[PDB]
Every structure is written in C-alpha cells, then in structure tokens.
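In: When you get a sec, could you give me coordinates for this:
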Amino acid sequence: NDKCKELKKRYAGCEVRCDXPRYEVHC
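Out: Residues are numbered from 1 along each chain as shown. Please find the structure below.
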C-alpha cells in the first residue's frame, strides 16, 4: 500500500515524484 515506496523500489533508477495521491514516474 506504500505506493511511493513500491514505485521507488520497482523503478530503481527513475525519478518517482510522490505527491500525495499523485505519483509521477519519470524514467
């Protein structure tokens, strides 16, 4: 449920911007 963590762990290298209910993955 920690999507910021999950995304920032899965996308090891990408710029995952966590902003509340918004997540911006910039690879």
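In: need the contact list for residue 24.
Out: With contact taken as CB atoms under 8 Å, 6 or more residues apart in numbering, residue 24 is in contact with 15-17. Where you see a C-beta, it was placed from the backbone N, CA and C, and this is true even at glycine.
In: cool, and residue 2?
Out: Going by CB under 8 Å, 6+ apart, residue 2 touches no other residue.
In: I'd like the numbering to begin with 185 instead of 1 from here.
Out: Renumbered: residue one is now 185, and that last one reads residue 186.
In: returning to what we had before: for the contacts of residue 208, pick the one with the most neighbours.
Out: residue 200 (20 neighbours; other CB atoms under 10 Å).
In: Residue 195 and residue 187: what is the separation?
Out: 11 Å (CB to CB, to the nearest Å).
In: Also residue 205?
Out: The gap separating residue 205 from residue 187 is 9 Å, by CB to CB.
In: okay, the two: which has more neighbours?
Out: Neighbour totals were compared for residue 205 and residue 187, and residue 187 leads with 11 against 6 (other CB under 10 Å).
In: Setting aside sequence neighbours, what's the nearest residue to that one?
Out: Sequence neighbours aside, residue 207 is the residue nearest to residue 187 in space, at 6.3 Å (criterion: CB to CB, 6 or more residues apart in numbering).
In: Strands along this structure, start to end?
Out: 199-203, 206-210 (DSSP state E).
In: The last one: how far from the chain's middle?
Out: Right, the one you point to is strand 206-210. Chain-centre distance of strand 206-210: 6 Å, with CA atoms, centre = their mean, to the nearest Å.
In: Each with direction, which strands does it pair with?
Out: Strand pairing for strand 206-210, using DSSP bridges, gives strand 199-203 (antiparallel).
In: before we move on, the earlier item: which residues does the residue nearest to residue 187 bridge with?
Out: residue 202.
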